[PDB]
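**Q** Structure in structure tokens, see below.
FYI the Cβ positions are ideal-geometry reconstructions off the backbone, even for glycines, and counts take in every protein chain you see. Bear in mind these aren't lab numbers, they're just calculated from the coordinates by the rules spelled out.
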Amino acid sequence: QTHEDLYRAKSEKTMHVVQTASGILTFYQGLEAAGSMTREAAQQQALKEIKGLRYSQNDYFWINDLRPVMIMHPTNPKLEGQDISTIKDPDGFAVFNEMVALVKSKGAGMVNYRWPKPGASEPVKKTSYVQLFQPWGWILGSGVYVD
């Protein structure tokens with residue numbers, strides 16, 4: 001039983017909630033591909049639904065693109081529609097740029113950074129799984145705060 005095994009286990013949870021939530025993207029992208037909704041309407045519906053999802057103690061999902069611009073953020077909604085390339089956490093970690101570089105290399109993975117908790121302002125350590133949804137150029141993310 002390795003260190004690698006312990007970390008693989010804890011983060012599988014995060015991976016699996018993101019995979020679950022990404023089925024909404026899948027569903028709506030299918031409606032686009034079939035011609036039943038426009039892309040932008042499929043997008044907006046998918047975001048609306050993912051915005052309300054929660055698990056555990058108020059853990060949530062966000063979506064940013066590869067530019068990176070924030071597409072949907074349920075707890076920091078004033079980031080929506082903004083270029084988030086210049087955001088850095090207190091350790092100097094370039095949160096969204098790193099997420100983009102990660103998914104461009106591997107598709108998905110784990111990243112650690114500091115971020116406020118919902119309705120708070122103090123950046124707290126967080127470990128997130130991010131996953132590229134390729135047809136729309138969207139990164140879907142969720143993570144868990146160290147406490």
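**Q** If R0 is 30 Å, what FRET efficiency do you get for residue 31 and residue 69 from their C-beta distance, rounded to 0.05?
**A** 0.80
**Q** Sticking with this structure for a sec: Need the C-alpha centroid separation for the range 23-62 versus the range 68-108, integer Å.
**A** Cα centroid of the range 23-62 versus Cα centroid of the range 68-108: 19 Å apart.
**Q** Mind checking which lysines have their Cα closer than 17 Å to the Cα of residue 125? Skip sequence neighbours fewer than 8 apart in that chain.
**A** 10, 88, 117
**Q** Report, in debye and to the nearest 20, how large the dipole of the chain comes out about its Cα centre when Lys and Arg carry +1 and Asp and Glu carry -1 on their Cβ.
**A** Charge dipole of the chain: 60 debye, to the nearest 20.
**Q** Would you mind checking the tilt of helix 39-51 against the longest principal axis of the Cα atoms of the chain, expressed as 0 to 90 degrees and rounded to 10?
**A** 40 degrees
**Q** If the label point is 7 Å along Cα→Cβ of residue 53, which residues in the range 1-19 have backbone nitrogen under 14 Å from it?
**A** Zone members listed by number: 13-19.
**Q** Cut-off under 15 Å on the C-alpha distance; same-chain residues fewer than 8 positions from residue 51 excluded. Which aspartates and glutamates are left, in chain and number order?
**A** Counting by Cα, and skipping residues close in sequence, residue 51 has these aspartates and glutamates nearby: 59, 80.
**Q** Using Cα pairs closer than 8 Å and at least 6 residues apart in sequence, work out the relative contact order for the chain, in percent.
**A** Contact order relative to length: 22 percent.
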